[PDB]
Structures are given as structure tokens and as C-alpha cells.
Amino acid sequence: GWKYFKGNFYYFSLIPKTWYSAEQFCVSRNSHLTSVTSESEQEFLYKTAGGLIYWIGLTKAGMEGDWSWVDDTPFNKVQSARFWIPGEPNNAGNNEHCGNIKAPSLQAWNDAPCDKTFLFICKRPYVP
């Protein structure tokens, strides 16, 4: 059921999980919760999500609580500013340390509690 886009395969889950149980599921399938590194990848993802919320690989790291990607893609704060929903990350209830795709827009991301269950998206490299 994996979808192909620019050198990577993507799995849009049918069952919801917490952010970490989701990441574990991806890791069991030789993948990670997806990073997003271009406007065209953001577009591919939110369009495919069809208006439902999906965990992606956004999570906090370091003392300062900077956002990071679980697949170890360096997080580019400047290049990613345009990808959040206006007002996000707002850190609601001071407990929103993971990120999902929420709005069908280039401005798509929301921070939500890691322990909430959502559908999720895995990303796996194609290696010829």
C-alpha cells in the first residue's frame, strides 16, 4: 500500500496510534515517521491526507525544545516556518511535543500531545 514520490515510499496508516507507537511501527517496516523538506513534499502529503490528521516525524529535541525530525533530517527553522498552521506551534496546555499534518494547506502542521492517537505516515527510502 506504499505510495511513491521522488525517491521515497510513503505509508498512510489505516489504524491510529500514539506518536511513538506509530514511529515504532514505521521502524518495524524499515522506515520512519515522515520528514518534510520541500513545498512539493508538503503538497504531496497534505493532498494525500485528504483532510484527515496524520502524525509526521516532528518532535521536540534538546533543552530548548527545538523541533526536530525523527529520521534525523536537520530541522530548518527558516525554511519550515511557512509549513505550520497560523498560531502553531502554540504548545497548548504546555504538552504538545509532537507534530502532525492537520490542515489541507501548505500551512498544515499542528503540535499536539504525543500521547494522542492519530493515523500516521511512514517514509522509506527507495534504494536502487
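All residue numbers refer to positions in the sequence shown, first residue = 1.
Here 93 to 101 and 30 to 38 are compared by their mean Cα B-factor, and 93 to 101 comes out higher. Comparing 40 to 48 with 60 to 68, the higher mean C-alpha B-factor in the PDB entry belongs to 60 to 68. When the modelled residues of the chain are ordered by their C-alpha B factor, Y126 lands in the middle third. Annotation for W84: CA B-factor lies in the middle third of the chain's modelled residues. Ranked against the other modelled residues of its chain, the C-alpha B-factor of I15 as given in the entry falls in the middle third.
When the CA B factors of the chain's modelled residues are split into thirds, the value for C114 lands in the middle one.
The entry lists a Cα temperature factor for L106 that places it in the highest third of the chain's modelled residues.
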